[PDB]
Every structure is written in C-alpha cells, then in structure tokens.
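Colleague: Once you've seen the sequence and the experimental structure below, I've got questions.
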Amino acid sequence: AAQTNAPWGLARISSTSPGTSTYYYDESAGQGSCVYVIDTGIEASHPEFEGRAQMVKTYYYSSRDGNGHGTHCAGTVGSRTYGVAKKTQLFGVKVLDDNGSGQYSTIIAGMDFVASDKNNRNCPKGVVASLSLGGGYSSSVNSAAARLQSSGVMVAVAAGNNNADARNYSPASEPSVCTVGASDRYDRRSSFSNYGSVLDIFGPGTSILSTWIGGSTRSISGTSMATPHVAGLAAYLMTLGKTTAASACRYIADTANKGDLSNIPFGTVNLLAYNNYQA
Ligand SMILES: [Ca+2]
C-alpha cells in the first residue's frame, strides 16, 4: 500500500526510480519481527510508535532518550508514518548517553546483551539490530558485532560520515554484518557517506524525516539514517519469509537497485536498498 506523501526515503526503497513520493509495501509490515535500536534510547511514548516500542536496557542513570538520535532511527525502522516496517516490535538499548557518546566497552556490552535478550522476546519472524554508531577501528567492537550476527540477528551498521574508506571504522569494517552507506533523493552518494569494499548496501540518508523526542519530528542526515532503512527492510522481508537473519544482507544486495547511484568510488558497491514490492 501507499503512504501518499511519504518521506522520500520510504518512497525510494519501494521504487525502481528516484523522484516519487508514495511508499508501497506488503501490509504484513514486519509484524512478528523485532528490531533492536542500539543507540541513545527510544521515546516509547511517542504516538508514532503505537505502543510497539519499549526500552529494554540502559547503561546510564536513565533509559530515556534525552538526545533524539535513537528515537529518530527507531522511527525510520518502524514508526507508523516514518517507518519502513510499520508493524515491527522495537526494542531500545541505550548504549549512548544523551550527548550521543558511548565508550566502546558499553557498546560491546549492549551487543552481547541483544544476542542474549532476543531469547526473552517474541520474534517468530526474526530479529534485527540497527547500529547507527561507530568510531575508529577496533577488533573487539568488530568481534562483538560478529557475535551478534552469528547468534541469529541481522546486524545493520552505519558506514560512517567521514567521506572516507570505512575500513578504518568499527563496527563498519566487520565483514559479517551489513554495512550501510547513505544516498540522497537525487541518487547521489551522500556527501559525507563513507565508502569502500566493506560496504554492502546504500540506503536513504540525506534529509530524512522521522520521529524526535518530545513527541515531535525533524529531518536530519547521516549514515545513521540510512542504517535503519536497511534494518526495517530486513525485518519486513523476514516477515514475508523472503530471507533470514543470516541471509538478509546478501538478499538485500541481490535484490537492490543496481548501478543507479552517482559518485560511487571505484571498488564500492553501487547498490540501493529496494523492497521489490509489486503492488
Ligand atoms: Ca560489512
């Protein structure tokens, strides 16, 4: 179904071309799947989440999202208006403080938490984790992301916003997870988007409207915004039975719009996330 006047990124992920504004998707909408948003938290009370979001873990004095970044990302995964998978269950894991910062040790603990926690949740169609965060290369951070993936979770991670090769960042550089670059509404690589061999896919990342704290909305940009498009897409596809956690990144690459993005450096995939939904 449509979304007439959907955010451009939603319309893009269900389209064979840029420049349209209706989002088309199977009504199953990720029902029975779960997506963990590992970030600054999620404002679960936001009407856009319809009771489908909840905080399950924090490493700080509160589970409240005092930043907005996590709420925005969660909105792109699964909010009613701004989300890819409009019926998924959203679980917030607050590894980032209200300034958007987090020690790698806390981020690692959060990933291992999700690998266990999914066994305490009802996700018959599958489990996804969205990591719109990163820093410099760390073998321990990469290994944590690898474990999470190995445990049966589709892990999607931001490539980073350095306009640089993502090989030097973590968890972006972990081969076994799905590393997500950002594009704009004109099918250009977003100017800040990292690139390189370690990228698996691109998603909408420039000027993305979604939920914000205080029951609000706003448009922001980043590989942080592209990542939840891919995470939501995975949840949606898993509900459809088209793929699994272990195979979703490959499946998304297999079925992506190919060769349509501009300013993709030689050696980086030219693949844009696409739901292949035929109304
Ligand atoms: Ca990767």
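Modeller: Here it is on my side, so go on. Numbers count the residues shown, from 1 in each chain.
Colleague: Can you list phi and psi of the closest residue to the ion within the stretch 1-150 of the chain for me?
Modeller: Nearest residue of the stretch 1-150 of the chain to the ion, counting by Cβ to the ion: residue 145, 8.8 Å away. From N, CA and C alone the C-beta is placed, and that goes for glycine too. Taking degrees, to the nearest 10, you get phi -60, psi -40 for the backbone angles of residue 145.
Colleague: which residues sit in contact with the closest residue to it other than its chain neighbours?
Modeller: The spatially closest residue to residue 145, leaving aside those adjacent along the chain, is residue 171, at 3.9 Å (Cβ to Cβ, 6 or more residues apart in numbering). Contacts were defined as Cβ atoms under 8 Å, 6 or more residues apart in numbering; by that measure residue 171 touches 131, 134, 141, 142, 144, 145, 155, 157, 177.
Colleague: mind running it again at 7 Å?
Modeller: Contacts for residue 171 were tallied using Cβ atoms under 7 Å, 6 or more residues apart in numbering; they are 131, 134, 141, 142, 145, 157, 177.
Colleague: Return the subset of these lying in helices.
Modeller: Residues of these located in helices (DSSP state H): 141, 142, 145.
Colleague: Can you lay out those residues as CSV showing neighbour count?
Modeller: Listed next are these as CSV, based on neighbours: other Cβ atoms under 10 Å:
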residue, neighbour count
141, 26
142, 20
145, 27
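Colleague: could you dump those residues to CSV with distance to residue 196?
Modeller: Putting the ones in helices among the contacts of residue 171 into CSV (distance: Cβ to Cβ, whole Å) gives the following:
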residue, distance to residue 196
141, 17
142, 15
145, 16
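Colleague: which one among those gets closest to residue 21?
Modeller: Of all these, the one with the least separation from residue 21 (Cβ to Cβ) is residue 145, at 34.5 Å.
Colleague: thought that closest one was touching residue 173?
Modeller: No - between residue 145 and residue 173 no contact is recorded; they are 9.5 Å apart, counting by Cβ atoms under 7 Å.
Colleague: So which elements touch the longest helix anywhere in the chain?
Modeller: Ranked by residue count under DSSP H, the longest helix found in the chain is helix 223-239. When contacts are defined as 3 or more Cβ pairs under 7 Å, 6 or more residues apart in numbering; DSSP states H and E, helix 223-239 packs onto helix 8-13, strand 33-39, helix 69-78, strand 126-131, strand 154-158, strand 178-183, strand 201-204, helix 248-255.
Colleague: tell me the angle that helix makes with strand 33-39.
Modeller: 160 degrees (axes from the mean of the first three to the mean of the last three Cα atoms, to 10 degrees).
Colleague: anything in helix 223-239 sitting right up against the ion?
Modeller: No - for helix 223-239 and the ion, the contact criterion (Cβ under 5 Å from the ion) is not met; the two come no nearer than 11.5 Å.
Colleague: Perfect, that will be all.
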